[PDB]
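Enquirer: Let me begin by handing over the structure; questions about it come next.
Read the figures in this text as sums done on the coordinates, not as results from a lab. Counting neighbours? That spans all protein chains shown, and the Cβs are built from the backbone with ideal geometry, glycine included.
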Amino acid sequence: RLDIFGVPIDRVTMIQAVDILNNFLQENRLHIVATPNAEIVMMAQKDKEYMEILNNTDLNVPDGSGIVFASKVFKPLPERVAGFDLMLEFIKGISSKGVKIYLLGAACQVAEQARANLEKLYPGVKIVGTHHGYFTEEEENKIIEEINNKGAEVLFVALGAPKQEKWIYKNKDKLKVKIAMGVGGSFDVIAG
Amino acid sequence: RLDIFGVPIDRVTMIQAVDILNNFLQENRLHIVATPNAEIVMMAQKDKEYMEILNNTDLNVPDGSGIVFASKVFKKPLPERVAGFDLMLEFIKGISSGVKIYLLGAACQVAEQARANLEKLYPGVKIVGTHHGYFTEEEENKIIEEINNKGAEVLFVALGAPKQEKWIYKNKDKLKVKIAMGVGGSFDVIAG
Amino acid sequence: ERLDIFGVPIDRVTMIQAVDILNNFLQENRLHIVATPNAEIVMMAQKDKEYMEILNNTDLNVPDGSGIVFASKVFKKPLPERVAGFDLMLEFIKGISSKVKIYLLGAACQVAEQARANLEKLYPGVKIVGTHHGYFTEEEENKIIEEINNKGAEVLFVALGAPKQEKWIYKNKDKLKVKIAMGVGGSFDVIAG
Ligand SMILES: O=c1ccn([C@@H]2O[C@H](COP(=O)(O)OP(=O)(O)O)[C@@H](O)[C@H]2O)c(=O)[nH]1
Ligand SMILES: O=c1ccn([C@@H]2O[C@H](COP(=O)(O)OP(=O)(O)O)[C@@H](O)[C@H]2O)c(=O)[nH]1
Ligand SMILES: O=c1ccn([C@@H]2O[C@H](COP(=O)(O)OP(=O)(O)O)[C@@H](O)[C@H]2O)c(=O)[nH]1
């Protein structure tokens, strides 16, 4: 772990991050995964709540070449671990074992379209549920109950930074998933 | 107002920016709203025309953590990150309960999938018209006639920076709307 | 006439100049690799030796992104303007649309196809001979390359994202029979919508 401007970044490779995520699936508790970049670290400077959340996440992966370039001053970061690429690699691995995934986030139809694209890419992928990221506080509890009841183990949150990390942290004791990871615009790129 | 590398940035919070926009609706003249970030501020360095436009806009909101981090050097730094996408949604949220909105910009059907989405999110929202942002100089005057005749008060321009600010500025005396704001890729994220 | 911005060579060209360069590339019977470096790309090249080697071997590196253009202000001869990759791609197509077989490779399912339908409506006369998504397998790779070659494509726009797009073009540089091969990032997604 190297603390880049208050935000702790885990000194892991793409392979190492993927292995950490699989190991997290063996523990029956929620693990918060975040992919900090230059924008995220800058957001943490002004936002004390956001920085507190980052300092409490299970894995902070070095998304973005900015952080990796800055780390060259320090034992620097081994490689750029992209959040989109990590999500796809982690999903690729876990489709063969049938781990229940839930997609929460983005505009209407984006999550169902990404689910369709991921099924075509990774045959045997178990995406147990989807919901858009434009829900209200009243709708929030019904989405949480849906995830919990559907038996979801991996939850990908595409609400954008800091919204995704803040949502996961606020509901950390309400969610019964093994991994909860902020993915941002990831659902938009795969759905098109 | 902070002078970040020649570009004036308004020292406002999310709430303050929304209230400013609501008050702009009470003045019978066009108000140009821009959401500068590090990419925009850097564009202004080499583009004198663009920097002149940004020094002539009614409200420059600090979108992007870069500007907000840079402001930490000043005696009076910026209070928070006021994201352009988040501002556009919060403003629409308030005025939905019947201010006439027009969506101009993005590829074919994006502005229309955006409109349909905003109508589902904010019931009662009056989006009086939409047009794609890939129009010709001939088509330009028919769009401007459409906005003016349809009685639009708020105009969201999704042409990208600096294209959106330059389009608004060039047509500042041809448009009969109270607010004209550059929203870049806000239309694609809400449409999905 | 080239600026070494942190190991990555950037061509000191304007929007017009870049377009003319591309039009002249069409007169040479060999593949030309076009890349649009920005601060993210430039930074990716620092840790990725393979990627920096590719960027030092491309035919045209256009100044996409204000960061590079701002950094260049330090040099005796700075960069004249930003040459945005999306804007370059559209201006180039605009021209060649009246005359040139284009192939769109990249992005999610139906994105390249919707980008083709939109470019056909924007630039009437545009000859887009084929499209394919960018989530293909190594087995599917050769059928796409055969499709591009057999359909007689001259211009190939690769929307795979940096560094994936430049690495794909470079790895297949001697397998592709096109005159121009350019990394266009998320350009297909903005035009398709
Ligand atoms: O209340 C919101 C606001 C946005 N979004 C989604 O969040 C993503 C924002 O992507 P962005 O690139 O801005 O985030 P980043 O990669 O910086 O974290 C998009 O898919 C939006 O549709 C959402 O689901 N809920
Ligand atoms: O001639 C143009 C060029 C662009 N756009 C739209 O403007 C946005 C381009 O912005 P981008 O995603 O590149 O990011 P930004 O520069 O705003 O940060 C997209 O909605 C495009 O479809 C448009 O309507 N007309
Ligand atoms: O293996 C992959 C991964 C991504 N993409 C596409 O590559 C683009 C990535 O866009 P991005 O904005 O991340 O790239 P940049 O502008 O930084 O080069 C999107 O259209 C994705 O759908 C693809 O075709 N193949």
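Enquirer: Does the range B:113-131 contain any residue that is away from ligand 3 (no atom under 16 Å from the Cβ), buried (at least 21 other Cβ atoms within 10 Å of the Cβ), within 14 Å of chain C (Cβ to nearest Cβ) and among the hydrophobic types (A, V, I, L, M, F, W, C)?
Expert: Looking for residues that are away from ligand 3 (no atom under 16 Å from the Cβ), buried (at least 21 other Cβ atoms within 10 Å of the Cβ), within 14 Å of chain C (Cβ to nearest Cβ) and among the hydrophobic types (A, V, I, L, M, F, W, C), one finds at least one in the range B:113-131, hence yes.
Enquirer: Specify which of the listed residues (C:41, C:5) is more than 16 Å from ligand 3 (Cβ to nearest atom) and within 14 Å of another protein chain (Cβ to nearest Cβ).
Expert: Numbers: C:41 fails: more than 16 Å from ligand 3 (Cβ to nearest atom).
Going through C:41, C:5 in turn, just one is more than 16 Å from ligand 3 (Cβ to nearest atom) and within 14 Å of another protein chain (Cβ to nearest Cβ): C:5.
Enquirer: Do we find that residue B:19 is more than 16 Å from ligand 3 (Cβ to nearest atom) and touching a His at 6+ places or on another chain (Cβ under 6 Å) in this structure?
Expert: On the way: more than 16 Å from ligand 3 (Cβ to nearest atom): yes; touching a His at 6+ places or on another chain (Cβ under 6 Å): no.
No; evaluated as a whole, the condition is false for this residue.
Enquirer: On the basis of being more than 16 Å from ligand 2 (Cβ to nearest atom), surrounded by 17 or more Cβ atoms within 10 Å (Cβ to Cβ), more than 19 Å from residue C:22 (Cβ to Cβ) and aromatic (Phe, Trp, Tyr), does residue C:103 make the cut?
Expert: Details: more than 16 Å from ligand 2 (Cβ to nearest atom): yes; surrounded by 17 or more Cβ atoms within 10 Å (Cβ to Cβ): yes; more than 19 Å from residue C:22 (Cβ to Cβ): no; aromatic (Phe, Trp, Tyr): yes.
Against the criterion (more than 16 Å from ligand 2 (Cβ to nearest atom), surrounded by 17 or more Cβ atoms within 10 Å (Cβ to Cβ), more than 19 Å from residue C:22 (Cβ to Cβ) and aromatic (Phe, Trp, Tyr)), residue C:103 does not qualify.
Enquirer: Take the range C:84-98 and flag every residue that is aliphatic (A, V, I, L, M) and surrounded by fewer than 19 Cβ atoms within 10 Å (Cβ to Cβ). Show your work before the answer.
Expert: Initially, the range C:84-98 is screened for residues aliphatic (A, V, I, L, M), giving C:84, C:88-90, C:93, C:96.
Across the range C:84-98, the qualifying residue is only C:90.
Enquirer: Something else: Which of the numbered conditions does residue A:136 fail, given that it passes all the others? Conditions: (1) within 28 Å of residue B:89 (Cβ to Cβ); (2) touching a helix residue (DSSP H, G or I) at 6+ places or on another chain (Cβ under 7 Å); (3) surrounded by fewer than 17 Cβ atoms within 10 Å (Cβ to Cβ).
Expert: (2)
Enquirer: If only one of B:74, B:85, B:69 is within 18 Å of residue B:156 (Cβ to Cβ), within 14 Å of chain A (Cβ to nearest Cβ) and aromatic (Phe, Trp, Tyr), which one is it?
Expert: On the way: B:74 fails: within 18 Å of residue B:156 (Cβ to Cβ); B:69 fails: within 18 Å of residue B:156 (Cβ to Cβ).
Sole residue among the options that is within 18 Å of residue B:156 (Cβ to Cβ), within 14 Å of chain A (Cβ to nearest Cβ) and aromatic (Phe, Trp, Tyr): B:85.
Enquirer: Take residues that are aromatic (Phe, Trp, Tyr) and closer than 21 Å to residue B:126 by Cα and tell me which of the helices (runs of 4 or more DSSP H) falling wholly in the range B:1-101 contain 2 or more. Working first, answer last.
Expert: Details: elements: B:14-24, B:38-46, B:48-54, B:65-70, B:84-96.
By residue number, B:84-96.
Enquirer: Of everything in the range B:48-66 that's within 14 Å of chain C (Cβ to nearest Cβ) and in contact with a helix residue (DSSP H, G or I) (Cβ under 9 Å, 6 or more places away or on another chain), which residue is surrounded by the most Cβ atoms within 10 Å (Cβ to Cβ)?
Expert: The first filter runs over the range B:48-66 and keeps only residues within 14 Å of chain C (Cβ to nearest Cβ), leaving B:48-51, B:54, B:64, B:66.
Those left that are additionally in contact with a helix residue (DSSP H, G or I) (Cβ under 9 Å, 6 or more places away or on another chain): B:49-51, B:54, B:64, B:66.
On the way: B:49: 12, B:50: 20, B:51: 18, B:54: 25, B:64: 22, B:66: 21.
Out of the qualifying residues, it is B:54.
Enquirer: Let me ask another. Any residue at all in the range B:177-187 that is away from ligand 1 (no atom under 16 Å from the Cβ), polar (S, T, N, Q) and under 24 Å from residue B:86 (Cβ atoms)?
Expert: No, the range B:177-187 contains no residue that is away from ligand 1 (no atom under 16 Å from the Cβ), polar (S, T, N, Q) and under 24 Å from residue B:86 (Cβ atoms).
Enquirer: How many residues, within the range A:178-192, are more than 14 Å from chain C (Cβ to nearest Cβ) and surrounded by fewer than 22 Cβ atoms within 10 Å (Cβ to Cβ)?
Expert: Quick first cut of the range A:178-192, residues more than 14 Å from chain C (Cβ to nearest Cβ) only: A:178-183.
Then drop every residue that is not surrounded by fewer than 22 Cβ atoms within 10 Å (Cβ to Cβ), which leaves A:178.
The total comes to 1.
Enquirer: Among the residues of the range B:69-122, which ones are within 16 Å of ligand 1 (Cβ to nearest atom), over 19 Å from the mean Cα position of the chain (by Cα) and of a type in the set (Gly, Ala, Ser)?
Expert: B:116, the sole residue that qualifies.
Enquirer: Go through the range B:95-112 residue by residue and tally those that are of a type in the set (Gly, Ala, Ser) and more than 13 Å from every other protein chain (Cβ to nearest Cβ). Write out each step before concluding.
Expert: So the first thing to find is which residues in the range B:95-112 are of a type in the set (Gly, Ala, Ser), and the list is B:96-98, B:105-107, B:111.
If we keep only those that are more than 13 Å from every other protein chain (Cβ to nearest Cβ) as well, we get B:96-98.
Qualifying residue count, the range B:95-112: 3.
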